[PDB]
């Protein structure tokens, strides 16, 4: 209880959530997910105009932390995936404007957290992969579809393949590519856009714009991770060469 896997910088127009496990590729431990949920909930209570998501170290996030998954039960793993989806839905449906800034190699729920944010930028060298369908996981699927279209989503998710910054830009997954040196200016621009409307009107606008399939998404996640043999499917995937 003395670590800080999530750093939160609070300013009047913006809170910045820095995933802070840089020796573990910002992988989502149960502790980090719970910290994110708490932070996001607090920001919604305080009607923070802009939430910024970033990662310390070499990347944004490698997604689910598979360290010691062998010593966790099938139930333990299901709970952690459910809490991840609950987090993603809170970020996706936020009354705050949300901004994500990705760099390095990003994976799974890490990419989904990025996807849940409305303004999305990455470094020209950044990379993304959502490989979970290889072990039967159905996470972030419809949200990714809503962004890039069903054709591109099938192409990418169906073969559980990587895609780079250029491809991410082409398919509309990122607004633009931007070096880390340009990130402070992007945050300022996002802060200005977020505060252009009052909290109640901003929340209403977000609610009106969003395609809400939260229940379908959570059901699909729950079913996928609750199929008997989840742990074995993970084991098989992690033993695979690429």
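Positions refer to the first chain, counted from 1.
- Note on 93-101 vs 121-129: mean CA B-factor is higher in 121-129.
- Higher average CA B factor: 164-172, of the stretches 109-117 and 164-172.
- Per the deposited coordinates, the residue with the largest Cα temperature factor out of 30, 181, 27, 50 is 181.
- Taking the PDB entry at face value, the top CA B factor among 205, 186, 35, 62 belongs to 186.
- Placement of the Cα temperature factor of residue 54 within the chain: middle third of the modelled residues, per the deposited record.
- Compared with the other modelled residues of the chain, the Cα B-factor recorded for residue 85 ranks in the lowest third.
- For residue 231, the recorded CA temperature factor ranks within the highest third of the chain's modelled residues.
- For residue 177, the recorded CA B-factor ranks within the highest third of the chain. Only modelled residues enter the ranking.
- Per-chain ranking of the deposited C-alpha B factor places residue 70 in the highest third.
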